[PDB]
Amino acid sequence: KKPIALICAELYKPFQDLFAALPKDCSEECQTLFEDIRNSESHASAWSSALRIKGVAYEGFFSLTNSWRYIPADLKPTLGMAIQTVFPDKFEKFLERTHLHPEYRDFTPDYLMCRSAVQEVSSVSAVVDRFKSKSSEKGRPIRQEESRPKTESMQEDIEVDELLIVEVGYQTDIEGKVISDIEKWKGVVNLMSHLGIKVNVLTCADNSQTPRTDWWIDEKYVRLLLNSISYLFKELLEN
Amino acid sequence: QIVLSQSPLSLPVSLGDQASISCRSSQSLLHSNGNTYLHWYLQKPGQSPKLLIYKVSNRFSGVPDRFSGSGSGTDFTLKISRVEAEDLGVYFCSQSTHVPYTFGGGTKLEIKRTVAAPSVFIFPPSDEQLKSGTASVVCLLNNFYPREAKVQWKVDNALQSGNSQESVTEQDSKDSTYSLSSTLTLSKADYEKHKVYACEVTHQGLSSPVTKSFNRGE
Amino acid sequence: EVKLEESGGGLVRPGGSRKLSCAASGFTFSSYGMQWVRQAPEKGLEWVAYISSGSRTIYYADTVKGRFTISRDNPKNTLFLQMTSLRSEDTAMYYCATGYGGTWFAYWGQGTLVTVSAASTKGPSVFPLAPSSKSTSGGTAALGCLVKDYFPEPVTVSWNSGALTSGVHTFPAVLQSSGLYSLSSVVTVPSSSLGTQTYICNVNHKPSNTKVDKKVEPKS
Ligand SMILES: [Mn+2]
């Protein structure tokens with residue numbers, strides 16, 4: 001019985017608390033989207049907007065929890081970009097081996113980092129360890145794959161550049177998300193093995209049923225999403 | 001797994017001469033990071049291994065400079081430019097490019113010397129042991145070179161098999177010879193039913209095979 | 001000086017367990033990967049396990065996987081190898097090593113001997129190898145001792161409390177089908193000293209706390 005616009009007014013404060021905590025660029029994108037919902041003629045149009053908010057806000061909060069930079073989708077580097085700038089001596093070979101699979105060059109993960117525009121991180125192993133720790137401590141489904149030429153050992157007398165590819169998400173089928181993600185990147189990982197490039201792929205996901213202390217985002221951010229974007233989804237259906 | 005094939009299995013060499021030892025890899029040891037993790041070790045008799053050369057050609061700090069290594073990919077060599085007495089022992093190559101880290105089977109460096117024929121000695125069982133129900137007969141091949149020797153037991157001219165064991169010393173660090181023992185073990189009852197206990201030794205330093213025997217009751 | 005000191009070796013029953021330790025000194029232990037290597041008697045070297053400085057990466061030989069755990073305590077400068085479900089094939093000298101800057105074996109310990117066997121500790125029977133005409137060549141006589149049926153390995157043999165070292169050949173032990181060991185030790189001496197010099201072989205077998213002194217004499 002409530003019009004979509006009136007739904008947005010009742011949730012004015014929860015959504016103000018949301019926009020205040022998200023990173024700037026992320027906060028603006030959700031704000032634009034929110035006014036699209038408020039001015040949404042249809043329930044279909046509103047629903048797609050709400051979904052995009054759910055994903056954008058969650059990723060902003062994932063950036064905050066890990067102190068990583070939130071990158072709007074438009075600015076996110078592709079795999080080819082990372083290879084070209086981070087491993088320039090191998091980019092030509094990278095092209096030849098992606099002739100039969102050129103979509104590899106256009107793979108765009110949520111986070112594309114390298115060891116200290118590809119973002120930088122102080123240690124890739126530390127990031128993998130904390131994912132592996134919480135997965136083991138709380139039972140949270142992850143998938144994780146490292147490139148490895150032949151059966152090469154790690155070495156102590158030299159340092160090599162390396163990539164960390166990360167995929168995140170806020171959807172109800174958590175196992176389905178990490179399974180599909182790792183399957184998408186498997187060919188790439190195997191490609192990187194044959195080029196001698198060291199990469200790690202991580203993938204994880206939360207849904208609203210996950211206990212508020214066990215998410216990949218801080219619990220304070222869990223309450224912000226549950227109080228705003230998830231209530232909005234409930235209002236949109238019951239009206 | 002990387003198989004490392006060493007040749008020769010053993011290397012006789014005169015003091016002051018050069019020596020080359022070959023290590024063949026079943027796959028390239030070039031690591032994607034640019035380095036090649038092939039290394040060389042000397043194990044002297046009784047001691048733990050010592051690193052000689054790491055990543056193909058870097059001499060480990062403190063290692064005498066008569067040792068050097070070269071190669072690339074799957075072919076690698078260790079050279080001792082001028083062999084010294086202390087270089088007696090087993091040389092191993094090993095890689096750490098791939099997991100599992102693996103070793104070659106080892107090349108034994110042998111110091112060449114003039115042929116030396118064995119002194120052949122024989123010892124009847126002692127009365128203490130015979131009191132306990134068994135009879136060991138010892139045949140000793142002392143201070144011989146080179147190592148190839150053949151030692152067989154004959155009791156009353158019947159060849160013995162299945163009842164003797166043999167043991168050989170490492171190459172002596174002072175005189176470069178070998179010593180060998182062969183022990184024939186019979187029951188006391190079997191021992192007292194035969195007379196002639198003989199040790200037959202073949203070695204190139206002898207003009208012909210030497211049978212060294214005794215009569216039981218003598 | 002970089003030093004690695006292993007301990008923890010000894011006798012174990014098949015299927016049994018054992019923990020090796022390695023105390024490291026002379027370098028910043030916590031900054032370097034550590035390794036275990038082993039050598040079965042009379043055989044070549046075999047790599048066992050590696051562990052990175054921060055313990056994140058661990059590698060095992062396929063033959064110890066599921067039975068051996070490598071670990072370390074960096075504030076205590078100690079490397080460990082926990083051995084379980086051991087087999088006779090695991091009998092070996094076990095060395096800890098490090099590359100002090102790479103994955104090569106630059107520094108090694110003196111090693112610790114692990115024996116996996118159901119044989120029961122036993123001191124040796126020591127029998128004389130008496131000098132005689134059958135053991136004389138020129139002015140030289142050979143004599144010795146037969147050191148029979150001891151377990152486990154380590155036996156030390158010396159002559160006249162160590163005073164007699166020239167011409168001594170103590171032979172490597174043979175593992176017998178009984179599961180015990182035997183060796184012999186011989187020495188050549190001037191035949192002119194038989195009956196004027198006394199020859200005593202001293203056999204020390206620490207695992208059974210057995211020390212045997214055997215006088216070796218020409219026989220009547
Ligand atoms: Mn995502």
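One-based numbering, in listed order, for ligands and for the atoms of each. The figures that follow rest on heavy atoms only: side chains count, while hydrogens, waters and symmetry mates do not. Throughout, protein chains are lettered first and strands after them, A, B, ... in sequence-line order, and every chain is numbered starting at 1.
The minimum heavy-atom distance linking A/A57 with A/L22 is given by the pair O-CD2, 3.3 Å. Annotation for A/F94 and A/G80: closest pair CE2-CA, 3.5 Å, computed over non-hydrogen atoms.
Counting only protein N, O or S atoms closer than 2.8 Å to the Mn ion (ligand 1) gives 2.
With hydrogens and angles ignored, the 3.5 Å screen pairs no side-chain donor or acceptor of A/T65 with any backbone N or O of A/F62.
Atom-to-atom distance recorded for C/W104:CH2 and C/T98:OG1 is 10.0 Å, nearest 0.5 angstrom.
Put simply, the side chain of C/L20 reaches to within 4.5 Å of the side chain of C/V114, judged on heavy atoms.
Remark: C/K65 fails to qualify as a cation-pi partner of C/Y60 under the 6.0 Å distance and 45° angle criteria applied to the six-membered ring.
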